[PDB]
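Just one chain follows, in the form deposited in one PDB entry, and it is written as structure tokens.
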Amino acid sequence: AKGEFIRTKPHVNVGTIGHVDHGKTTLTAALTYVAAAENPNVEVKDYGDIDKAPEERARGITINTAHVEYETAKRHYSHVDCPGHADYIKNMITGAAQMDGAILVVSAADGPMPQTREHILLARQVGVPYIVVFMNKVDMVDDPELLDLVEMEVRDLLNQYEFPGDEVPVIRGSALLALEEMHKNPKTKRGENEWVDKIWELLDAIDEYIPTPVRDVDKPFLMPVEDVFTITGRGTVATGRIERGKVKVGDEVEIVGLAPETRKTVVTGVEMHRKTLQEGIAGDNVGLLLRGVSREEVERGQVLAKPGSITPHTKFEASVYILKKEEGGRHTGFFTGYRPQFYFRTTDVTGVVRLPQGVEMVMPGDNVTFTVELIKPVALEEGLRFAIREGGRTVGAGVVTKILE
């Protein structure tokens, strides 16, 4: 609504993950401040600006994910700050599902904790290809060995879910202090402040280590719904990160999945951080106004694609790995009939597992392969990765292996 969006740098999606309270949000606001200083039109955001709905303000925790914008000389970023409370992993999964890189925050005072693990694995099952780590709360600790240790562990954990933990950038700092500092004074620039300067380190890491992706602007348009709004005067808006291809007002699209029949609409609006875009392309975290669809007809988990470009599914073979009790998983085998939840991108749907012949019960830590029959149809594709969570926990990580129906 307030301005037009003008491409002048490359665009990259990022965000925050880590164990509950390790400082994801503080650091988020601290990034806004600092960037704002050397780049004018970066609107800054305070904590309250981010954790703003009341329970969030009350309980003092992040519950909904938040989108914030910010840039550096090199690039322009959409940053998703996620909740670290285990009760809220679906939100987090949804945000991580839009990152091109994820900033994994680990409180140096606490070391790696559970969602530290979880988030890392979930990020992965959701497509996150790079992680930069920010060891926060440093101000609170000085034994270097304890710092140095937390690093190892973090790296090693990364290795486990196979992120090049050996090469992953690991920035140490206090986000609280940076923020605080920008509070005293907004205009601090690099070199002026210690604490602030670590954020420049983060900012650099992000600029440097997370490559800007290749974008298949040519393939058919595909954008996974992350959220939905009802906007004043205009209508029904669907927000998400463009998978591939593109859109501009006037194009008609398809709302696919999570429902009997798929449905058509013409996109009547395209924004990016509340700013008009002529045409959004693969990588844009956009918002789309859709001709006459109610909030009921559009929802997170469905997908926007080139009409006819896509098939929603239900059954499929899949190669899976069940997590150890130890890795935060189940501690009892399961059999056919088990119906946990499947997470593919911003989608999460319940499915009945069917063990192939020769397999009766799958145990924690195995690598099985089986069939699933989803309770709702959804945009699948072989090689598509996913997460299996059930009863409050992540129980497996697999990948589509063949589409049954």
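Think of the rigid core as the biggest set of C-alphas that the two forms share within 1.5 Å after superposition. Counting begins at 1, following the sequence as shown.
What follows is about the form deposited in another entry, which we do not show.
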{"query": "Comparing forms between the shown form and the other one after core superposition, the one residue of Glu71, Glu151, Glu327, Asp110 displaced by 2 Å or more at CA", "finding": "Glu327"}
{"query": "After fitting the core, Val141 CA displacement of 2 Å or more between the shown form and the other one", "finding": "no"}
{"query": "Core-aligned C-alpha movement of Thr314 between the shown form and the other one reaching 2 Å", "finding": "yes"}
{"query": "Shift of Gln302 between the shown form and the other one at or above 2 Å (CA, core fit)", "finding": "yes"}
{"query": "Sense of the change in Cα distance from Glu327 to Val154 in the other entry - at least 3 Å versus the shown form", "finding": "farther"}
{"query": "Closer or farther in the other entry, the Cα atoms of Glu326 and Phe163, when the shift from this form is 3 Å or more", "finding": "closer"}
